[PDB]
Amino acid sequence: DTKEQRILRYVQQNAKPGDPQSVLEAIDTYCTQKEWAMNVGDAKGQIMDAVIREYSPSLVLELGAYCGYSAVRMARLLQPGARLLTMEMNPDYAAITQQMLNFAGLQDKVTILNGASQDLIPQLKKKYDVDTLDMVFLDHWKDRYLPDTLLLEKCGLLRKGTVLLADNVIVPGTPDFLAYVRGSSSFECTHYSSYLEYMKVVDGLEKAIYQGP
């Protein structure tokens, strides 16, 4: 099997069904003690919690679910009736994420879309009944952050005030995206310095709030 499957099974073996904190803690312990994995992690995760609580979004889009760590983190903090859409191209990872959300008891808050973001984004309005997004969490391949930010705009999915929150803007880094939003009158940017998951290495999140066209 794969590292991702081993993470899920360690959650199953250890955590408590219906308890999202137990799931987060299980994943973090596995990935600290056994095998590193690219989950956002607890350090950055605490910043994400603070941002999600500040804005109280009704509709969040995540790009790159992976094993569902960040989807559990965000969905647990959504107000009742608010929703998360998460896109994941890898079918195996998409199924791991769904099972992780199911185990956490958060399945009714989250829709896992198995496909490439560039294919799914244009479908959001007609197929998933989206008007505009309140928040977008970027955590997929780093060279797709800028392409997909521009595609979101083109598709009319950003409103005045939509909060973009980008992982890994220091390591591995997303240089075209970061330079773009920081240089653009269409974004208001704030940097939250933190640490790479499971490591004593500086990373950070970028918050980039869309100002309108």
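Rigid core (definition): largest C-alpha set, two forms, superposition within 1.5 Å. Residue positions are given as counts along the sequence shown, with the first one as 1.
- When the other structures are laid on the shown form by the rigid core, the stretch among 52 to 60 and 31 to 39 with the greater C-alpha deviation in 5 other deposited structures of this protein turns out to be 31 to 39.
- Greater C-alpha displacement in 5 other deposited structures of this protein (rigid core superposition, RMS over structures and residues), of 193 to 201 versus 10 to 18: 193 to 201.
- Taking only CA atoms, the mean B-factor in the PDB entry is higher for 27 to 35 than for the other of 27 to 35 and 62 to 70.
- Remark: stretch with higher mean C-alpha B factor among 17 to 25 and 201 to 209 is 17 to 25.
- In the PDB entry, the Cα temperature factor peaks, among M100, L138, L78, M89, at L78.
- When the Cα B-factors of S186, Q46, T174, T149 are read from the PDB record, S186 comes out highest.
- Residue-level temperature factors show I52 in the highest third of its chain, judged at the C-alpha atom.
- When the CA B factors of the chain's modelled residues are split into thirds, the value for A95 lands in the middle one.
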